[PDB]
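Step one of this worksheet: look at the structure below.
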Amino acid sequence: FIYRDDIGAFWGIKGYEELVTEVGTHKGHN
Amino acid sequence: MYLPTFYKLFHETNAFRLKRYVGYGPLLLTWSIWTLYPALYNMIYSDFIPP
Amino acid sequence: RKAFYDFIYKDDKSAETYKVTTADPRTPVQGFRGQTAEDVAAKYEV
Amino acid sequence: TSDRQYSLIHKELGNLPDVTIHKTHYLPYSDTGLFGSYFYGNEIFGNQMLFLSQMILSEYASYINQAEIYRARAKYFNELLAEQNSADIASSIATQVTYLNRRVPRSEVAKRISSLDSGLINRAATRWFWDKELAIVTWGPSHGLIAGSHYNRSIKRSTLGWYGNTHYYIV
Amino acid sequence: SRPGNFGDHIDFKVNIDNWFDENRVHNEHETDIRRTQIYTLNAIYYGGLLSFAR
Amino acid sequence: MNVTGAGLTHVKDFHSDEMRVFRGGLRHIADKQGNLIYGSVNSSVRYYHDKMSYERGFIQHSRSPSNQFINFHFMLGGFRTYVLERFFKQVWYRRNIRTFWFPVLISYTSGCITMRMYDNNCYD
Amino acid sequence: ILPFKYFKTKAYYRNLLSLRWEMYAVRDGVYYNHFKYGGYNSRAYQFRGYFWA
Amino acid sequence: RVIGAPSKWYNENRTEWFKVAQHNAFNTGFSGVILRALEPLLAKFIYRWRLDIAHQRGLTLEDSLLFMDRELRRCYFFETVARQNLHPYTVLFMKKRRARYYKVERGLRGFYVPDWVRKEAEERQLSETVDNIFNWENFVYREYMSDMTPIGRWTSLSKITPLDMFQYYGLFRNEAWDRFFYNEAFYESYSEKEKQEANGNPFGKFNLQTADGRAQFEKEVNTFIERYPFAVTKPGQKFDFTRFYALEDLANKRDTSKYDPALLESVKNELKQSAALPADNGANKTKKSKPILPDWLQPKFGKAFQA
Amino acid sequence: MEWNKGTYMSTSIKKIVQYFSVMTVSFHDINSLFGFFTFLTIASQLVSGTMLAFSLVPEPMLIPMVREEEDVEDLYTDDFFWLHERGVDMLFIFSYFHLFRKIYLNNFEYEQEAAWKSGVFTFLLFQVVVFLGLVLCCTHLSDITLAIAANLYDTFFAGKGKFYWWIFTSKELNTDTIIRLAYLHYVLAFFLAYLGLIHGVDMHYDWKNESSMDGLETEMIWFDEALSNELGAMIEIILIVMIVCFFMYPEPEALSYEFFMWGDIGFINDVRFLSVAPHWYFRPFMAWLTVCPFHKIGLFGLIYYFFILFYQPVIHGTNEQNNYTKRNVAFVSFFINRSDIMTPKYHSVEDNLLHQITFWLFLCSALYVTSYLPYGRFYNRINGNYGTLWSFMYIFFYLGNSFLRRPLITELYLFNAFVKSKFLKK
Amino acid sequence: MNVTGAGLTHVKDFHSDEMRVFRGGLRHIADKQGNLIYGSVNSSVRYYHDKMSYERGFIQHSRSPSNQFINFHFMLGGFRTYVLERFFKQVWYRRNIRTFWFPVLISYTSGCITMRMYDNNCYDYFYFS
């Protein structure tokens, strides 16, 4: 029910570990 | 004096009726074969005897 | 054998039980006969 | 309930609350014979009274139960052992000598019925009941039976046991 | 005023509460006013529902 | 009064017991007990045949088709006589043609006249 | 709209449940034949012939 | 298959079977010691849990164990048996207690009954409930279970769904596939020896004649009453063992000499009043109705000679 | 049809009107309105589906462009599409809550026998309709779902013969299959509405708020006194859902499970196989397929789930024998020195701590199965998740076996207490 | 013999008058005559309410809501007593949390542990240093 943040899978959604994904929304607020 | 259970009687009657129905089944099979003979030909000569 | 004849619904003319049922009423059964008895006066016990 | 016993016709009759009398008659003669059923009941069960007996007999041709066989065998054994009246015995002996030129022992009759089994019963009922013609008489109020009086498809198929069940189960 | 075939009260505690007497506003001299107020509250609720339905 | 009908009139009620299971103690009611309520469609589908019929002293005899002709009363006395006379004269002319020959002929004549006038006007 | 829904539903139920109940002794020599010989069930057509025989 | 004498289909009482089963489970084998070690948890989380909930609702284990909730509503078998054998006040009083709680509970949830209702609930002990439960179960078995005979059948309801038409009953029934005839002998039954074992005291094999055995019995009973409030005594009260010993001595017809005559007379009094069947007397009758037609439905006063 | 005794309620217009005008409902709570919530969202689904079907041309090469065109040139097409999707979500939530409530309430007696089979059939039809719509979405996820359904259907015939062609054709989303599946979706949705109406008419026989009889004889009339409460509870549920969605789903988001829907069939012939993810309501099924890599065992489990969801009153029930049935269990290990066991009867609900524990463990197991999608890459190579396997095994054991549903330990403990009390007080 | 039941049994039949129009000469039968056949769901829809009920010495008193509070007992005892005690403790806790706090806590903790272990395995797979 808890998911890691340092594996590249945001909130448990896997498949996007090969690119930067969270900059706009999660890590930083554009 | 041979008092069998109504469970037993029901099961025997059901067995006889199902035997009659499974006897009727091959008629439906033959009707289906005659209706879809090209489909049957395709199925055997595409799966059981591949080119 | 008997199961096969029952399945096909055809009489087995060679069956031993077939002769007894289809025997001529005017003649006795071939290999059977009962015993002959006589009445005895009744007796009461209390 | 009517199904907690070993007689299909008795179960069917117990289902119908206004069918009072049923009897099976066998009337053998010299070079001919009759075997049938007499029914006495209400007019709303006319179709049931018309179709039940032939439906039961044709089902007996197709398949019979060992419970039915043993019940009938025990009944007929008891009937054979229950003759004590001298008038009935004398009449029966006279008729037997008239038609067969001999007296048939009760032991012989018991052996003859005991040799029967399901296969022999099925074959006999196929010979005499399976797909056969009938003689039917209805006497009384025929308001609900006048539509299908003529000897027609329903009557012809009534002798096919399960294949003529349509007109019995509708009531 | 109960029927004569009804005897005394049996020794069973049938009510734990007294809401038949506690739930009272004692407005028997003006009851149609309270009836109108209940109609008005019902009307407001129905009006909200009918706005959504519209 | 405490009686049914208040002691004033007869009621004519009944207890159908079609929502009852037992007669006495765990003895079931016969499933055909509901057919004893006469004159109700819910009792049986055979009540939809509601002709008027009453008769006494009537005896009817019907013979099995297995002892009859396959095609009884076919060509009899001659193909010509049978077919022509019976079929044509005693069915077609006697029942259909005799009834509509005059109105159909009058309508056909009027329609042909109107068609001729319309076609003549179209030609002109 | 929440307060008016509360009014209607819950207040109406609480008002309807403000009943008074009284139980009395009946000893007038009348048997409870209607309790012993009464009762209906819509699913009797399903229960009959199958259940509890 | 061995053919014997015919008999009814249900030849075992549920209550006796469960009594022997619980005796075997709790007082025999490794399961016995496991269950005896697990006793405090079961007492805390089964008996006391339900007891506390029932007391909060103003009820006892009567209303949850004598007749089930699914029996008081929508159970044609229970309704038939009750209408054929029972007086109305049993089910009526149970329903009345339920209604007197839930009338307030539905109006305003989170309802705790006051002390004068909880005290009336707590007045009833578990022994009378056990009497009622055992008597009802035995009566139902004897009068109705021994009369019925299961039969193979399809579904009771006529469902057009094909997934429900083809339902089968009896094909995987253990008793149905174990016995094919009503004359068949019965297999795998409780022995008479183990049936008699369950009739001993449910605490231990110690004897009460020896003074050493009496101490152990008293300790076990004290633990039981401390873990099971309202089951046999009120929490404040104390169990008196002299009366129980007098009961046991009189039941076994041993030497009842060490007991004073007054206590023996009392013990006989409760013994013969706790088994008495209540009977009705015409003490306080109520008026019977004899209705007549009203005045306006009657002819007017006055009649002449009508010559 | 001599095995049919008739219909419980013949469906006629006048009789329906009369029944719904004099129908009464007992006092209840919010936990017993999921059925009417489902009816409301089913009606809304029918209306919004009709509105959507007046604009969907069943051509796979035109559907995305037509959907884009109808959005900008109409005022309510996208609103109705949003309604239709949210109605699917609410239907799943309400149906699962309803099923869980029935399981907890232990509606497994012969009187609840009728309401169970119809409900399970309705649930299967609902899932089939949902699958049809998901295929109609016409994206890469639609293609994957169609391929999975075609493979599972062909496994029945063992891969011999093209028996699937009449519905699926070549297992792709071409015009013929699009037309067939769209028309099937519409017709089966209306049949679903009818089946749900039948099931909901089959409710009045045994209707209860809680598992405890309340003993109340007066009840409210349905048309206003209960309909108003149903509508208000629906409003409150919608408000709670709105709050949770607003404060739980910020926009934009870093990652979503709906990014797999970017691919359009035909336009994009390249599929991103890494981020394969269905909607949350088929996530448990995809998780089960990923966890159990065997094709036959996975299909068997998928079928067996519905097979044991149906037959529930058969496995657990009175069976008309008044708890005199002798069941076969090996878990007792001959503790009471017997093979066959009498079925217990003291299975209460509101005060059964063991029953509550087992039920809530089962519910949390279902939630954990739904919680996440196992990453099919390196899943079984890193030994996977033990919790997912435990949850699946517990769900199958709980739904199938009767060991935990109606335990024998409480019954025997109650008899032990009864025997001790009766021995102490003769 | 020429009687109902053939002189052997009692039949218990009835004439429904459902398919009849006239009582005497041109006198119609009453419209609600068919309701006099008791125990028949075909005569009324109220027969679907078949709860078992019987009592004989009972009296019930009900009062018009127009003489009662619009919102009775709504905030008796104040915010603290009514809301906090009654709602939270007596309803929410006592009826829900007692039943499921333990299994839900166990399931949540076990699921968190298993998810953390699975994620740690994923991290070991991805990162080699």
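Read from first to last, the chains carry the letters A, B, C, D, E, F, G, H, I and J; within each, the first residue is number 1.
FYI, contacts are C-beta pairs under 8 Å (C-beta built on N, C-alpha and C of every residue); 3 or more make two chains touch, one makes a residue touch a chain.
A comparison of C-alpha centroids places J closest to the centre of the full protein. Seen from the C-alpha centroid of chain F, the farthest chain centroid is that of A. Ranking B-D and E-J by contacting C-beta pairs places E-J first.
Rounded to a whole number, the gap between the C-alpha centres of chain F and chain G is 50 angstrom. Chain F and chain H have centres, each the mean of its CA atoms, that are 66 Å apart. The distance from the centre of chain D to the centre of chain E, each centre being the mean of the chain's C-alpha atoms, comes to 72 Å. Multi-chain contact residues of chain A, defined as those touching 2 or more other chains: 1, 3, 9.
Each of residues 2, 5-7, 10, 12, 14-15, 19-20, 22-23, 41, 45 in chain E touches at least two other chains.
Residue positions of chain B with contacts to 2 or more other chains are 1-2, 4, 6, 9. Those residues of chain F whose C-beta lies close enough to touch chain D in the complex are 28, 30-33, 35-36, 38, 44-46, 49, 53-54, 60, 62-66. The residues of chain G lying in touch with chain H in their complex are 13-14, 17-19, 21, 23, 25-30, 32, 35-39, 41, 43, 46-47, 50-53. Interface residues of chain D facing chain F in the complex, by the touch rule stated above, are 1-2, 14-18, 44-45, 133, 143-144, 146-147, 149-151, 156, 170-171. Within the complex, the chain B residues that touch chain H are 1-11. Taken in their complex, chain J has these residues touching chain I: 45-46, 48-49, 51, 53, 99-100, 102-104, 106-108, 110-111, 113-115, 117-118, 121-122, 124-125.
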